[PDB]
């Protein structure tokens, strides 16, 4: 079976805001990737090996709202640009890639999986360049090898004239390293 994904919104502006403050979220969680929001921005967070990882330049040092109130980060690595909270009860984790495949697939916030060719330790070329706005909101999303395993987490886009031609990502290795730190 090929990589296919879908999305579902679980709450709107107002519920989001109340929950941001309250820090108590009672919604049931399902899925490998969570669509996350702060009062300033929305992005993604991927659950890999029981840990809900996301991009530091988005989550900052914040806590994640949960059924038991705010949950403090398990890992925070300003330099690796990573943060990770214990994966939410009900989520499903992906596992790291063990095949060094250089044919990756970026799963965007809109549940679209677009191919990117690995061209370095933290880069890949979009076989079909897309405008920046489309990639907006996908930070912290996974880059999967053909088998469906986490190779990395989308961090930034390499673009010009407003079109993303490449992507910069946090390799799944920095996660291991960050946990070990």
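Residue numbers count along the first chain shown, from 1. For clarity, a rigid core is taken as the largest C-alpha set superposing within 1.5 Å between two forms.
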> So which moves more in 7 other deposited structures of this protein by CA, 101-109 or 84-92, given a superposition on the core?
Replying inline: 84-92
>> Aligning on the core, I want to see which stretch wanders more in 7 other deposited structures of this protein. Is it 121-129 or 29-37 by C-alpha RMS?
In response: 29-37
> So which stretch wins on mean C-alpha B-factor, 12-20 or 169-177?
Replying inline: 169-177
> Comparing 154-162 with 21-29, where is the mean C-alpha B-factor higher?
Replying inline: 154-162
> Out of 71, 83, 107, 99, which residue has the highest Cα temperature factor in the PDB record?
Replying inline: 99
> Highest Cα B-factor in the PDB entry belongs to which of 41, 63, 46, 139?
Replying inline: 41
>> Ranking every modelled residue in this chain by its Cα temperature factor as given in the entry, which third contains residue 3?
In response: middle
>> Using only modelled residues of the chain, where does the Cα B factor of residue 56 rank: lowest third, middle third or highest third?
In response: middle
> For residue 135, does the deposited CA B-factor place it in the lowest, middle or highest third of the chain?
Replying inline: middle
> residue 114: which third of its chain by C-alpha temperature factor?
Replying inline: middle
>> Which third, lowest, middle or highest, does the C-alpha temperature factor of residue 144 belong to within its own chain?
In response: middle
